[PDB]
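**Student:** Below you will find the structure I want to go over with you.
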Amino acid sequence: XXXXXXXXXXXXXXXXXXXXXXXXXXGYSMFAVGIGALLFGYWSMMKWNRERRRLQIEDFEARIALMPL
Amino acid sequence: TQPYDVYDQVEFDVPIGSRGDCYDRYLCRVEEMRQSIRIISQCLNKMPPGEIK
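Structure below.
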């Protein structure tokens, strides 16, 4: 018997198929997070600015209180 | 159109674009690569055992 190269089929590798698929973000869903992060962003930032006003008047008060300076 | 060594029997896919721009001239080569394994797989399945020379 003579032995040569043998053939293999099984699944035939599956040639030409789109492996690319959309993931995580769809379109409308990411905009709700996007503007949602903005709405949370400005609201939390301005609370510290109002807290800065408590310091702002009190810091400049030191110059008014000190006249022997 | 013009077979060389056992052609037309093997299923070939030819990518052809729309515009003559560099992007479509790039896409066809990538689409040639995705539609190249089909020829290789058909060559693996269809092998007559015999002579080399």
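Chains as they are written, first to last, in the deposited numbering: chain Z, 5 to 73; chain D, 272 to 324.
Beta carbons are placed, not taken as given, at the ideal position from N, Cα and C, and that holds for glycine.
Under three-state DSSP, which class holds D:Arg-290?
**Tutor:** The answer is coil: DSSP assigns D:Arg-290 none of H, G, I, E or B.
**Student:** For D:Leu-298, which residues in the same chain have their Cβ closer than 6 Å to its Cβ, ignoring the five residues on either side in sequence?
**Tutor:** Excluding sequence neighbours, D:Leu-298 sits near nothing in its chain.
**Student:** Taking the C-alpha atoms as reference points, what is the distance between Z:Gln-60 and Z:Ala-36?
**Tutor:** Spanning the two alpha carbons is a distance of roughly 36 Å.
**Student:** Would you verify that the beta carbon of D:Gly-288 is, or is not, closer than 9 Å to some beta carbon of chain B?
**Tutor:** Among the chains of the structure shown, chain B does not appear; the protein chains present are Z and D.
**Student:** Excluding the 5 residues flanking D:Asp-284 on each side, which residues of the same chain have their C-beta closer than 6 Å to its C-beta?
**Tutor:** The answer, listed in chain order, is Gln-306.
**Student:** If you compare alpha carbons, which of D:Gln-280, D:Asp-295, D:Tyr-278, D:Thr-272 is closest to residue 346 of chain D?
**Tutor:** This structure gives no information on residue 346 of chain D, because the portion of chain D shown stretches from 272 to 324.
**Student:** For the alpha helix (DSSP H) that contains D:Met-318, what are its first and last residues?
**Tutor:** D:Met-318 -> no alpha helix (DSSP H), and no H or E assigned at all.
**Student:** Measuring straight from C-alpha to C-alpha, what distance separates D:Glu-302 and D:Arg-290?
**Tutor:** When rounded, the distance between both Cα atoms is 16 Å.
**Student:** Taking just the CA atoms, how far does D:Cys-293 sit from D:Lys-317?
**Tutor:** Between D:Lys-317 and D:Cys-293, the C-alpha separation is close to 37 Å.
**Student:** Measure the Cβ-Cβ separation of D:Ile-310 and D:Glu-282 and say whether it is below 9 Å.
**Tutor:** Yes, the pair counts as a contact, with Cβ atoms nearer than the cut-off.
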